[PDB]
Amino acid sequence: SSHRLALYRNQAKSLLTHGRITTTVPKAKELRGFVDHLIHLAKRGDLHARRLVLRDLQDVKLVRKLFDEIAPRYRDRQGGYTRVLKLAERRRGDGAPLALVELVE
Amino acid sequence: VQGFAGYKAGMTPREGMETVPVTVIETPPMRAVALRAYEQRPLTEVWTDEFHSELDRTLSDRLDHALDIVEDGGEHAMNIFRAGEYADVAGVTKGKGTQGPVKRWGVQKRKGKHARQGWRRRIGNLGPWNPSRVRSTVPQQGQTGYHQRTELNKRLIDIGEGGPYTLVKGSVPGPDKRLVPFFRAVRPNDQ
Amino acid sequence: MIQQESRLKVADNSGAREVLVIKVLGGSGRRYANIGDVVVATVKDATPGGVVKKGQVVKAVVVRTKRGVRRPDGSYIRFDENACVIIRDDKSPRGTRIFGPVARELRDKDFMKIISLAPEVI
Amino acid sequence: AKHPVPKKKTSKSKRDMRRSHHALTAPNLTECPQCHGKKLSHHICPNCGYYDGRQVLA
Amino acid sequence: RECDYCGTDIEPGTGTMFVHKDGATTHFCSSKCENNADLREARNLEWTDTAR
RNA sequence: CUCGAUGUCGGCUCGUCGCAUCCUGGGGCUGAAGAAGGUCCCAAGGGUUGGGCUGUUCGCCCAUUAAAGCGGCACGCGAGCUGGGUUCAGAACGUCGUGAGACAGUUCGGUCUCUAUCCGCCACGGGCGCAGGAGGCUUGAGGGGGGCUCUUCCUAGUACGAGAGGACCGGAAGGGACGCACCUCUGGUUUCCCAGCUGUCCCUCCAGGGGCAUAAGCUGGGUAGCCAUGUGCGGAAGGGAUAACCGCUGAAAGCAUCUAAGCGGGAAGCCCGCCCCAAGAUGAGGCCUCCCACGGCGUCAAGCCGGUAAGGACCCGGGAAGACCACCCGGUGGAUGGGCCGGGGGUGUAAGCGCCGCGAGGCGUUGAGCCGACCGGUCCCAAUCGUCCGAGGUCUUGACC
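Protein chains in written order, with the deposited numbering: chain BR, 14 to 118; chain BE, 38 to 49, 61 to 87, 93 to 112, 171 to 190, 192 to 274, 291 to 312, 314 to 320; chain BO, 1 to 122; chain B5, 2 to 59; chain BT, 4 to 42, 44 to 56.
In structure tokens, the structure reads:
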């Protein structure tokens, strides 16, 4: 619900900033598509597009940064602008097989 | 292979004269593997490889006419099933799973004044005092969704090839589209 | 549809107004009064003593139900209302006259009588 | 509120027997991509960074 | 007609028709016609085949 | 037996027997023509409804119906509710008692406790087995499921009949409760898919948004899956052995007798048949399709090693497959996830500029915009690379080449 989002939110956020973070299996598996999806919008690129992407992310700097910045570095492909890579270790007490994901580059 | 069978197309109704809903079914001739006979001794299934290309990735009418198509080379187009007929199909339940004695098995639950009481779903009882421990009687949360389901009076209406496929009279194939359907018109009554 | 004590008006004039639904007529089990069907209910109230009178043991049938009736013609029909007509053991109305339309039905399960009296049968 | 509780000393025997079906099974791991060594079947590591791309450190 | 009036519309080469008392009527359509119309004054109706 | 304690009425649910059988079939009987009843013998399959008033069962009453059965199992069920009630202290009346208290007379209200070990039941995995090692396919002994019914029509208003009525026999159709399955049509869903909204904080002022207002703040609506109110369908034929019950052929009783022996008739019933398992039925079954004799060690070394991708696995990626597990399909010579892309479905024409009115707004561009799983393309992404384990072919007898 409000939480599913939130996530996708900040994760989508942080990420674009670095372009490959460290969350567990799933977490990543999703932040992908979405974030992913989002991308495809930076690609659309315009009034609208932006008015969305931001709509969620909320933040000029980026929002723009990507739409212009990265977007391009991608204008060509077909989704997938992300390469979700699992990881070797696992957060303690837990034992969760975290994992890392980036913007396929 | 004694019979005839394939998978679930899907359902939809439409037309007729009053109108009527059926279901689509996919299956040309899934080849012919040996044939049933217990002659001179025990005989049942042979295998003179002639199958697909992958299959080794895992490597008296009904059956009779077979001999017709199973010796032809293997396959055997389906459809004697013709215009207005009653085969029977045996779908595969439906991964519905382990549920409460509720739907699993008709039963009235937590009434009113207690039909909520953060109360609810859960059978009434087992066995009396003196009788004796338990019966193999009262079902239980007897999982479902996997059962080798099927039925009867399975009337087929029509068929056409473009792709060997069949139109059905009332679907309820049991399992889901893209599912494993086998048909027959067993001891028909409407005959 | 329409049993225990669901209520339904008149369209004929029998001298009624509305009627409570006792039993669904037919045979044991059975749980439903759908136009064409015949109900075992009574007066919830009836004009100023036309000929019937409030609280009168009764027999009426099905002709108006917002329960929606699926016509063998894969079609669909329903109404803004739920009520029917009284009857004389002999599936025979009393109301001399009709009211809101109805549905082929009736015919199919006997009643013409009203079938035509009706202002309009849909 | 102990409606139901054991009723007869569980029997070491059994008891353990119980605790019997249990057991582990070493990580299915493999061996380095070029990292040379044993890694978590499918991953780089404090030995790798590779796979096909240098996405790590050391 | 025009879903009686509800110029919108809904449900296949069949559809369906509600209905009221007095030999009056209400052929029908969508959940945007219904409710609304079923509760006030047609005239005033807009969106559709009325306030067209 | 139990007071080192077996928690007691009615209800609820879940039922399970039994037959003296209420409904249901089969019979013989009648003061039975018909029809409908009465009588009694045979059969439990299946089944035997909503309310009312009563804490009640019981019971009377209301509308049904074929029918609306009698009774078991602590008058089944509290480690499953109920908890009204009789049966804690209150307190009431009435009632006895100098009184104190009191009552199978009554009246208000009055704490039914989370963790199943065993046996037991329902379910799903793990072994070990079935003596080559191998994947695919079948048999079912034996079990389990299910069997009811009303009504309408011809036969026929013909048998019967003074008449008002109403057949066996033979055949159509509909419908009732019930169960299996299933979304097409129908209806309920639709936690964000889409849209309108009032209050507020950030947002940069406007616009265009954003959380919160549960966990969606509120309202309209809404695929796909699930799911009924809804879709198909089912309870049959027919075969064999009988009840009761009806007969034939004929003794002993040179005359009769269904009779011991001989042969047939006859049931919703048994057996079979129709679906649903199912050889872990240690009697481990059948069959087809693969794999060939490797190493060195003292022996009936049937013991330790490379193997044979025959083959399987594990790890990954995925499933109306799913608690875990096991089970199914795929693992870049891939379309398995996601992604994108067309397609459908769904929300009702967007953000902007435009043109009318002081404004509110409207009209346009514009059936726009936005789209959660539904149908299908394309190697953008991510299923890389890798391991492990696995056969060899036990003893006797004979039948054939």
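We treat Cβ as the ideally placed atom computed from N, Cα and C, and that holds for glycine.
Residue i versus residue j: straight-line alpha-carbon distance, rounded
i, j, result
"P301 (chain BE)", "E120 (chain BO)", "42 Å"
"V219 (chain BE)", "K113 (chain BO)", "44 Å"
"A112 (chain BR)", "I192 (chain BE)", "57 Å"
"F99 (chain BO)", "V85 (chain BO)", "10 Å"
"residue 73 (chain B5)", "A59 (chain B5)", "Nothing can be reported for residue 73 (chain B5): it is not among the residues displayed for chain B5, which extend from 2 to 59."
"residue 128 (chain BO)", "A103 (chain BO)", "In the structure displayed, chain BO extends from 1 to 122; residue 128 (chain BO) sits before or after that span and is not available."
"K53 (chain BO)", "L117 (chain BO)", "23 Å"
"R232 (chain BE)", "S299 (chain BE)", "34 Å"
"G184 (chain BE)", "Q39 (chain BE)", "17 Å"
"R88 (chain BO)", "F111 (chain BO)", "11 Å"
"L25 (chain BO)", "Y32 (chain BO)", "8 Å"
"residue 64 (chain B5)", "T75 (chain BE)", "Outside the displayed span of chain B5 (2 to 59) sits residue 64 (chain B5), for which this structure offers no information."
"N39 (chain BT)", "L264 (chain BE)", "47 Å"
"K8 (chain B5)", "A41 (chain BR)", "49 Å"
"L96 (chain BE)", "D175 (chain BE)", "15 Å"
"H53 (chain BR)", "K99 (chain BR)", "23 Å"
"residue 191 (chain BE)", "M18 (chain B5)", "Structure remark: chain BE lacks residues between 190 and 192, so residue 191 (chain BE) is without coordinates."
"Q3 (chain BO)", "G68 (chain BO)", "16 Å"
Residue j beta carbon less than 7 Å from that of residue i
i, j, result
"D200 (chain BE)", "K297 (chain BE)", "no"
"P292 (chain BE)", "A195 (chain BE)", "no"
"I22 (chain BO)", "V63 (chain BO)", "no"
"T42 (chain BO)", "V57 (chain BO)", "yes"
"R94 (chain BO)", "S14 (chain BO)", "yes"
"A85 (chain BE)", "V181 (chain BE)", "no"
"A101 (chain BR)", "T37 (chain BR)", "no"
"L25 (chain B5)", "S42 (chain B5)", "no"
"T205 (chain BE)", "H105 (chain BE)", "no"
"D45 (chain BO)", "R17 (chain BO)", "yes"
"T54 (chain BT)", "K35 (chain BT)", "no"
"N82 (chain BO)", "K66 (chain BO)", "yes"
"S75 (chain BO)", "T28 (chain BT)", "no"
"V48 (chain BR)", "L28 (chain BR)", "yes"
"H23 (chain BT)", "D108 (chain BO)", "no"
"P317 (chain BE)", "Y198 (chain BE)", "yes"
"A177 (chain BE)", "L83 (chain BE)", "yes"
"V97 (chain BR)", "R45 (chain BR)", "yes"
Chain BT contact for residue i (CB, 7 Å cutoff)
i, result
"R78 (chain BO)", "yes"
"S14 (chain BO)", "no"
"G74 (chain BO)", "yes"
"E18 (chain BO)", "no"
"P93 (chain BO)", "no"
"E5 (chain BO)", "no"
Residue-chain proximity (residue i, chain BO), Cβ-Cβ < 7 Å
i, result
"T67 (chain BE)", "yes"
"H30 (chain BT)", "no"
"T11 (chain BT)", "no"
Short CB-CB distance (under 7 Å) between residue i and chain BE
i, result
"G36 (chain BO)", "no"
Chain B5 within 7 Å of residue i, Cβ atoms only
i, result
"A41 (chain BR)", "no"
"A109 (chain BR)", "no"
"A112 (chain BR)", "no"
"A101 (chain BR)", "yes"
Cutoff 7 Å: residue i Cβ touching any chain BR Cβ
i, result
"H23 (chain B5)", "no"
"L41 (chain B5)", "yes"
"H4 (chain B5)", "no"
"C36 (chain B5)", "no"
"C46 (chain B5)", "yes"
Near the ligand SAM: residue i beta-carbon under 6 Å from a heavy atom
i, result
"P309 (chain BE)", "The model on display carries no ligand, and the ligand SAM is accordingly not part of it."
For the stretch 101-117 of chain BO, enumerate the residues whose C-beta is nearer than 8 Å to any C-beta of chain BT, in chain order.
Here the close residues are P101.
Run through the stretch 79-110 of chain BO for me and flag every whole beta strand (DSSP E) of 3 or more residues, listed as ranges in chain order.
Runs found: 83-86.
Could you tell me which uninterrupted alpha helix (DSSP H) segments, each at least 4 residues in length, are contained entirely in the stretch 19-62 of chain BR, listed from first to last along the chain?
Restricting attention to alpha helix (DSSP H) runs no shorter than 4 residues, the stretch 19-62 of chain BR encloses them at 38-57, ordered along the chain.
Scan the stretch 78-94 of chain BR for residues whose Cβ lies nearer than 8 Å to a Cβ of chain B5 and list them as they occur along the chain.
Flagged: no residues at all.
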